[PDB]
Every structure is written in C-alpha cells, then in structure tokens.
Amino acid sequence: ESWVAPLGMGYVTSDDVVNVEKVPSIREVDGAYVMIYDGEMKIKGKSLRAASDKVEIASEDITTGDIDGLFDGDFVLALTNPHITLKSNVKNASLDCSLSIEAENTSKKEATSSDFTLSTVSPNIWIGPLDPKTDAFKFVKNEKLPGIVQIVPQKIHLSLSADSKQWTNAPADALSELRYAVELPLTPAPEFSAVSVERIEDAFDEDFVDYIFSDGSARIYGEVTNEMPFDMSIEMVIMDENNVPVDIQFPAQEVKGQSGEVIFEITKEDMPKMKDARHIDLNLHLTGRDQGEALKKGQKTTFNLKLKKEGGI
C-alpha cells in the first residue's frame, strides 16, 4: 500500500542561484560570468619633496557595493583568479613602483601590495595568482589577492607608489594614461561559500493534504542534477500557505558533482504536521570545488522529487 505523489520540478539556472542581474558589473566573457571594474587613476602633481623613500603618485577608490547582491546574506567570495591589470603610457623612463590594493566593507578591511617596474618597454602589469602568459603584460604573482576579495568588498582602494628619487628625476611627461581593470571571474575556489534558496511553489495541494498526511509515514526523494560549479548541501524547509515554516526538520542531503540522490524522511510523529504543507524551500548551501570550473549562463540544477507514502491504518 504505497502512494506516490508528484511535487513539481525544482529547476534553476545560474542566474536564479546567483543574482547576477542585481550586479551591474557582471559581463559575459566567453560564456562565463565575470565582474569588471575599470577606469583611470588620476596622477598627482609633484609637490616639493618630503624625504620619504617612496611617494604616492596615483590613487583610486572603486565603488563595489553591488557585489553584495550576488547572494542574500553573508558569503565567502573565494575565486580562483581575481586579478588587476594596469596599462600605462610611459615615455622614456623606468620607475620602481608598488601597488597597494585594499578591500573593505563595514566589518573588515584587508590589503596586499605588489612591486614592479613601469618602463617604456614594460608599461603594463598583471597582478594575480595565475600567470596569463601574454607578452602584453608583465606578470607579478600575488597569491594573497584572492583572500582580500573573499571578504566581499564594498570598496576597493588602489594606491600606486614609486621610488621618490626616480619620480622627481623623471621627465615631466614620463607617465600618463594610467588605466586599471579589476576582474573577478566567477570561478569558485575551495573556500567559496554561499546560500541560495529555491522555491517550489504549490508542492502540496490543499485538496489532498488531509487525506495523504492523515497517518503513516513518508519520504520526499529523487534525483538532483547539477551543472553549476558548486557542491550543494541541501536543507529542505516545508512552508505553509502564509510562507511560515512547518515544524519539521531533516538531515541535510549532499549533492557533490553532476548527479545525486536525496531522501528527506517524514516520520510517523511528524506526518500530521504536513497537513499544513504547501510549498518547499530548498536551502542550497554552496561550496567551492578544486577543479577551477566557471559559472556560466544557462547551467542548470534540476530537482526531480516526489513523495512516497506508506500506509498506517
């Protein structure tokens, strides 16, 4: 005496799970979502000389308050290859420089720095954890950069400093057109963590709950398919007609990789509470993997679930 009842298809795309629409910096580059902040650094005029070994020659504050919109609540934005590029027009000079990169939000502020020389022959710099292997750019490895980005900045501040003697002695037109680009490709790293909630509306019909949940026991189960570059720990919440949770809990169900079976048991003791069930919320606890897979438009996660009830009477 088994009953089986359909609950409807959870089925979400990348841009349902990750709110890329709420984030204006998002671009699609080669089918992959990437946040880009670009602009120019205003070069400062030459003011006498305090005898400091280095002098700040340009600064920029980048507003990045939209990044918070990718997920609701706190997340850890650990990415495989966030990087910063600098492009300069350097006429007849060679300058030993440092770039300070400071990220901050309301609870944290973290910073790193990289050193390089800006010259005629090498006027472009690429700072990040992975070498782009392009002759256009001098690569300066910085493996701390992903850690400052993972706090989820609301502001990034860039500060370019140069050796003081070199900067005073350089030709007056030596440096202009200082262009930056902060690129944050949504390729999660192992420390990535976020929560996304997916709603299956009208999973249970008011016209059948009294009969189906009278007694006995049941389970909600089936196959999940995942094309997105996150592992998921799925926590199921059953919601009533007012979107108030029904008082039933279940062990979370893990889905690592492209396919996984999940089972949420409804015990005899909890079955009568399901008379109030109408909707399902799947709380998807997302975590990074170590295979460097990118978030892409149109990747889907599918939740093929049904209810199977075993009689009491």
# chains A, B, ... in the order shown; residues from 1 in each chain; ligands from 1

call {"tool": "residues_around", "arguments": {"residues": "stretch 77-87 of chain A", "least_positions_apart": "4", "cutoff": "6 Å", "atoms": "only C-alpha atoms", "output": "VMD selection string"}}
result
chain A and resid 124 to 128 150 178 to 184 187 to 189 191 to 192

call {"tool": "atom_distance", "arguments": {"atom1": "atom CA of residue A:37", "atom2": "atom CA of residue A:284"}}
result
28.8 Å

call {"tool": "atom_distance", "arguments": {"atom1": "atom CA of residue A:154", "atom2": "atom CA of residue A:175"}}
result
29.5 Å

call {"tool": "residues_around", "arguments": {"residues": "residue A:213", "least_positions_apart": "5", "cutoff": "6 Å", "atoms": "only C-alpha atoms", "output": "PyMOL selection string"}}
result
chain A and resi 271-272+275

call {"tool": "write_last_selection", "arguments": {"atoms": "N, CA, C and O atoms", "output": "mmCIF file, in the first residue's frame"}}
result
data_model
loop_
_atom_site.group_PDB
_atom_site.id
_atom_site.type_symbol
_atom_site.label_atom_id
_atom_site.label_comp_id
_atom_site.auth_asym_id
_atom_site.auth_seq_id
_atom_site.Cartn_x
_atom_site.Cartn_y
_atom_site.Cartn_z
ATOM 1 N N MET A 271 4.202 13.329 10.527
ATOM 2 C CA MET A 271 3.271 13.276 9.390
ATOM 3 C C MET A 271 2.046 14.195 9.520
ATOM 4 O O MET A 271 1.689 14.888 8.568
ATOM 5 N N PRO A 272 1.391 14.220 10.683
ATOM 6 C CA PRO A 272 0.198 15.089 10.806
ATOM 7 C C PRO A 272 0.480 16.583 10.608
ATOM 8 O O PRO A 272 -0.396 17.305 10.120
ATOM 9 N N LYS A 275 -0.161 18.370 7.154
ATOM 10 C CA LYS A 275 -1.466 18.893 6.743
ATOM 11 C C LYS A 275 -1.367 20.367 6.379
ATOM 12 O O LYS A 275 -2.138 20.851 5.529
#

call {"tool": "residues_around", "arguments": {"residues": "residue A:59", "least_positions_apart": "3", "cutoff": "8 Å", "atoms": "only C-alpha atoms", "output": "ChimeraX atom specification"}}
result
/A:41-43,56,157-160

call {"tool": "write_last_selection", "arguments": {"atoms": "C-alpha atoms", "output": "PDB file, in the first residue's frame"}}
result
ATOM      1  CA  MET A  41      43.997  56.501 -11.934  1.00  0.00           C
ATOM      2  CA  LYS A  42      44.457  60.287 -11.611  1.00  0.00           C
ATOM      3  CA  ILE A  43      48.168  61.021 -11.453  1.00  0.00           C
ATOM      4  CA  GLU A  56      52.194  58.078  -3.699  1.00  0.00           C
ATOM      5  CA  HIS A 157      41.176  51.364  -2.982  1.00  0.00           C
ATOM      6  CA  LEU A 158      44.192  51.349  -5.295  1.00  0.00           C
ATOM      7  CA  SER A 159      47.307  53.248  -4.419  1.00  0.00           C
ATOM      8  CA  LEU A 160      50.300  53.490  -6.753  1.00  0.00           C
TER       9      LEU A 160
END

call {"tool": "residues_around", "arguments": {"residues": "residue A:9", "least_positions_apart": "2", "cutoff": "10 Å", "atoms": "only C-alpha atoms", "output": "number ranges by chain"}}
result
A: 6-7, 11-12, 200-201, 203, 302-306

call {"tool": "write_last_selection", "arguments": {"atoms": "C-alpha atoms", "output": "compact mmCIF listing (two decimals), in the first residue's frame"}}
result
# COMPACT_ATOMS: atom_id res chain seq x y z
CA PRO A 6 4.37 14.39 -7.72
CA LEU A 7 5.70 17.61 -6.18
CA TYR A 11 14.80 23.62 -11.82
CA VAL A 12 17.04 26.63 -11.56
CA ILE A 200 8.93 25.01 -5.31
CA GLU A 201 5.51 26.67 -5.16
CA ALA A 203 4.24 21.33 -3.94
CA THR A 302 17.32 20.12 -11.51
CA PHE A 303 15.43 18.68 -8.56
CA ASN A 304 13.32 15.71 -9.63
CA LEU A 305 11.39 14.94 -6.43
CA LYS A 306 8.28 13.02 -5.43

call {"tool": "closest_residue", "arguments": {"among": "A:39, A:8, A:230, A:72", "to": "residue A:278", "atoms": "only C-alpha atoms"}}
result
A:8

call {"tool": "residues_around", "arguments": {"residues": "residue A:269", "least_positions_apart": "3", "cutoff": "12 Å", "atoms": "only C-alpha atoms", "output": "list in words"}}
result
residues 213, 214, 215, 216, 217, 218, 247, 248, 249, 265, 266, 272, 273, 274 and 312 of chain A

call {"tool": "closest_residue", "arguments": {"among": "A:13, A:64, A:166, A:114", "to": "residue A:227", "atoms": "only C-alpha atoms"}}
result
A:13

call {"tool": "closest_residue", "arguments": {"among": "A:259, A:89, A:196, A:98", "to": "residue A:73", "atoms": "only C-alpha atoms"}}
result
A:196

call {"tool": "closest_residue", "arguments": {"among": "A:190, A:153, A:31, A:146", "to": "residue A:69", "atoms": "only C-alpha atoms"}}
result
A:153

call {"tool": "closest_residue", "arguments": {"among": "A:186, A:229, A:61, A:243", "to": "residue A:299", "atoms": "only C-alpha atoms"}}
result
A:229

call {"tool": "atom_distance", "arguments": {"atom1": "atom CA of residue A:309", "atom2": "atom CA of residue A:3"}}
result
5.0 Å

call {"tool": "select_by_dssp", "arguments": {"residues": "stretch 112-161 of chain A", "states": "helix (DSSP H, G or I)", "output": "number ranges by chain"}}
result
A: 145-149

call {"tool": "write_last_selection", "arguments": {"atoms": "N, CA and C atoms", "output": "PDB file, in the first residue's frame"}}
result
ATOM      1  N   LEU A 145      45.871  38.074  -3.123  1.00  0.00           N
ATOM      2  CA  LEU A 145      44.730  38.827  -3.669  1.00  0.00           C
ATOM      3  C   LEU A 145      43.384  38.103  -3.500  1.00  0.00           C
ATOM      4  N   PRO A 146      43.327  36.773  -3.721  1.00  0.00           N
ATOM      5  CA  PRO A 146      42.021  36.142  -3.569  1.00  0.00           C
ATOM      6  C   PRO A 146      41.446  36.257  -2.155  1.00  0.00           C
ATOM      7  N   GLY A 147      42.316  36.153  -1.163  1.00  0.00           N
ATOM      8  CA  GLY A 147      41.909  36.365   0.216  1.00  0.00           C
ATOM      9  C   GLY A 147      41.349  37.718   0.561  1.00  0.00           C
ATOM     10  N   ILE A 148      41.811  38.793  -0.086  1.00  0.00           N
ATOM     11  CA  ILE A 148      41.235  40.109   0.258  1.00  0.00           C
ATOM     12  C   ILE A 148      39.865  40.261  -0.438  1.00  0.00           C
ATOM     13  N   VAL A 149      39.709  39.656  -1.606  1.00  0.00           N
ATOM     14  CA  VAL A 149      38.440  39.725  -2.336  1.00  0.00           C
ATOM     15  C   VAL A 149      37.354  38.917  -1.646  1.00  0.00           C
TER      16      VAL A 149
END

call {"tool": "residues_around", "arguments": {"residues": "residue A:24", "least_positions_apart": "6", "cutoff": "9 Å", "atoms": "only C-alpha atoms", "output": "list in words"}}
result
residues 35, 66 and 67 of chain A

call {"tool": "write_last_selection", "arguments": {"atoms": "C-alpha atoms", "output": "mmCIF file, in the first residue's frame"}}
result
data_model
loop_
_atom_site.group_PDB
_atom_site.id
_atom_site.type_symbol
_atom_site.label_atom_id
_atom_site.label_comp_id
_atom_site.auth_asym_id
_atom_site.auth_seq_id
_atom_site.Cartn_x
_atom_site.Cartn_y
_atom_site.Cartn_z
ATOM 1 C CA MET A 35 32.643 41.165 -12.720
ATOM 2 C CA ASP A 66 26.797 45.879 -5.893
ATOM 3 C CA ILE A 67 28.817 42.681 -5.190
#

call {"tool": "select_by_dssp", "arguments": {"residues": "stretch 78-306 of chain A", "states": "strand (DSSP E)", "output": "MDAnalysis selection string"}}
result
chainID A and resid 83:90 94:104 109:119 124:128 138:141 155:163 175:185 193:200 217:226 231:239 253:255 259:266 279:287 300:306

call {"tool": "decode", "arguments": {"residues": "stretch 216-253 of chain A", "atoms": "N, CA, C and O atoms", "output": "compact mmCIF listing (two decimals), in the first residue's frame"}}
result
# COMPACT_ATOMS: atom_id res chain seq x y z
N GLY A 216 0.47 7.19 8.91
CA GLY A 216 1.56 6.52 8.25
C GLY A 216 2.82 7.37 8.25
O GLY A 216 3.00 8.25 9.10
N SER A 217 3.70 7.10 7.29
CA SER A 217 4.95 7.81 7.18
C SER A 217 5.27 8.02 5.70
O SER A 217 4.60 7.45 4.83
N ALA A 218 6.28 8.81 5.41
CA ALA A 218 6.56 9.15 4.01
C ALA A 218 7.98 9.59 3.81
O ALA A 218 8.72 9.76 4.76
N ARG A 219 8.37 9.75 2.55
CA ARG A 219 9.62 10.39 2.25
C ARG A 219 9.47 11.22 1.00
O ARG A 219 8.64 10.93 0.11
N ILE A 220 10.28 12.25 0.96
CA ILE A 220 10.43 13.06 -0.23
C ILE A 220 11.78 12.72 -0.80
O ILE A 220 12.78 12.81 -0.08
N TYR A 221 11.82 12.29 -2.05
CA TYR A 221 13.07 11.79 -2.59
C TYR A 221 13.16 11.96 -4.08
O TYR A 221 12.17 12.21 -4.74
N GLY A 222 14.37 11.79 -4.60
CA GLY A 222 14.62 11.77 -6.04
C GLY A 222 16.00 12.23 -6.45
O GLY A 222 16.90 12.38 -5.60
N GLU A 223 16.17 12.49 -7.74
CA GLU A 223 17.48 12.78 -8.29
C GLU A 223 17.66 14.28 -8.57
O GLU A 223 16.75 15.00 -9.01
N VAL A 224 18.83 14.75 -8.20
CA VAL A 224 19.24 16.09 -8.49
C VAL A 224 20.30 16.03 -9.56
O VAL A 224 21.20 15.21 -9.47
N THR A 225 20.24 16.91 -10.54
CA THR A 225 21.33 17.05 -11.48
C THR A 225 21.86 18.45 -11.33
O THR A 225 21.10 19.36 -11.07
N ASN A 226 23.17 18.62 -11.40
CA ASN A 226 23.79 19.93 -11.19
C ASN A 226 24.87 20.17 -12.22
O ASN A 226 25.83 19.41 -12.31
N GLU A 227 24.72 21.24 -13.00
CA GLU A 227 25.73 21.64 -13.99
C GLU A 227 26.60 22.83 -13.51
O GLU A 227 27.55 23.21 -14.15
N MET A 228 26.26 23.38 -12.35
CA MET A 228 26.95 24.54 -11.82
C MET A 228 28.19 24.10 -11.06
O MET A 228 28.24 23.00 -10.54
N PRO A 229 29.17 25.00 -10.93
CA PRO A 229 30.46 24.67 -10.29
C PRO A 229 30.45 24.85 -8.76
O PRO A 229 31.33 25.53 -8.23
N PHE A 230 29.43 24.31 -8.09
CA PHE A 230 29.31 24.30 -6.67
C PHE A 230 28.91 22.92 -6.24
O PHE A 230 28.09 22.29 -6.90
N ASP A 231 29.43 22.46 -5.12
CA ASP A 231 28.82 21.35 -4.40
C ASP A 231 27.65 21.90 -3.57
O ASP A 231 27.63 23.08 -3.25
N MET A 232 26.64 21.09 -3.27
CA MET A 232 25.46 21.58 -2.54
C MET A 232 25.18 20.67 -1.39
O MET A 232 25.27 19.44 -1.49
N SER A 233 24.86 21.27 -0.25
CA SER A 233 24.26 20.60 0.87
C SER A 233 22.84 21.16 0.94
O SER A 233 22.64 22.38 1.18
N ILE A 234 21.86 20.29 0.70
CA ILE A 234 20.50 20.74 0.55
C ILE A 234 19.75 20.53 1.85
O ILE A 234 19.59 19.41 2.33
N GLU A 235 19.21 21.63 2.35
CA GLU A 235 18.37 21.65 3.53
C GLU A 235 16.96 22.00 3.09
O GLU A 235 16.73 23.06 2.52
N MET A 236 16.00 21.14 3.41
CA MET A 236 14.63 21.30 2.97
C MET A 236 13.78 21.94 4.04
O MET A 236 13.76 21.49 5.20
N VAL A 237 13.04 22.99 3.67
CA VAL A 237 12.06 23.58 4.56
C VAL A 237 10.70 23.50 3.93
O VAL A 237 10.49 23.86 2.77
N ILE A 238 9.75 23.02 4.72
CA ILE A 238 8.38 22.92 4.29
C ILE A 238 7.67 24.15 4.80
O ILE A 238 7.73 24.41 5.98
N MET A 239 6.98 24.86 3.90
CA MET A 239 6.30 26.12 4.19
C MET A 239 4.80 26.00 4.05
O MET A 239 4.29 25.34 3.13
N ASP A 240 4.07 26.68 4.93
CA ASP A 240 2.62 26.70 4.89
C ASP A 240 2.09 27.81 3.95
O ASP A 240 2.89 28.50 3.29
N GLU A 241 0.78 27.95 3.86
CA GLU A 241 0.16 28.90 2.91
C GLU A 241 0.51 30.36 3.17
O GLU A 241 0.38 31.19 2.28
N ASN A 242 0.97 30.67 4.38
CA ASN A 242 1.45 32.02 4.70
C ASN A 242 2.98 32.17 4.64
O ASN A 242 3.51 33.15 5.12
N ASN A 243 3.66 31.22 4.02
CA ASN A 243 5.10 31.16 3.99
C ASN A 243 5.71 31.20 5.39
O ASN A 243 6.71 31.86 5.60
N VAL A 244 5.07 30.50 6.33
CA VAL A 244 5.62 30.22 7.63
C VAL A 244 6.09 28.74 7.68
O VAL A 244 5.36 27.86 7.26
N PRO A 245 7.29 28.47 8.22
CA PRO A 245 7.77 27.09 8.17
C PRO A 245 6.90 26.15 8.96
O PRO A 245 6.42 26.51 10.00
N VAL A 246 6.66 24.96 8.43
CA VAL A 246 6.09 23.88 9.18
C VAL A 246 7.22 23.40 10.10
O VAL A 246 8.39 23.44 9.70
N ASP A 247 6.88 22.93 11.30
CA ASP A 247 7.88 22.50 12.30
C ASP A 247 8.35 21.04 12.08
O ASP A 247 8.07 20.12 12.84
N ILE A 248 9.10 20.86 11.00
CA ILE A 248 9.68 19.57 10.66
C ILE A 248 11.08 19.81 10.11
O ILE A 248 11.29 20.69 9.23
N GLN A 249 12.04 19.07 10.67
CA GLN A 249 13.40 19.15 10.20
C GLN A 249 13.89 17.83 9.65
O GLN A 249 13.36 16.79 9.97
N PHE A 250 14.90 17.91 8.80
CA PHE A 250 15.53 16.74 8.20
C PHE A 250 17.05 16.90 8.10
O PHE A 250 17.55 18.02 7.99
N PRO A 251 17.79 15.77 8.15
CA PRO A 251 19.23 15.85 7.85
C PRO A 251 19.41 16.48 6.47
O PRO A 251 18.61 16.24 5.57
N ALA A 252 20.40 17.36 6.34
CA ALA A 252 20.73 17.90 5.05
C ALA A 252 21.15 16.78 4.10
O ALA A 252 21.59 15.71 4.53
N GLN A 253 20.96 16.97 2.82
CA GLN A 253 21.36 15.99 1.82
C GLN A 253 22.42 16.53 0.88
O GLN A 253 22.21 17.56 0.25
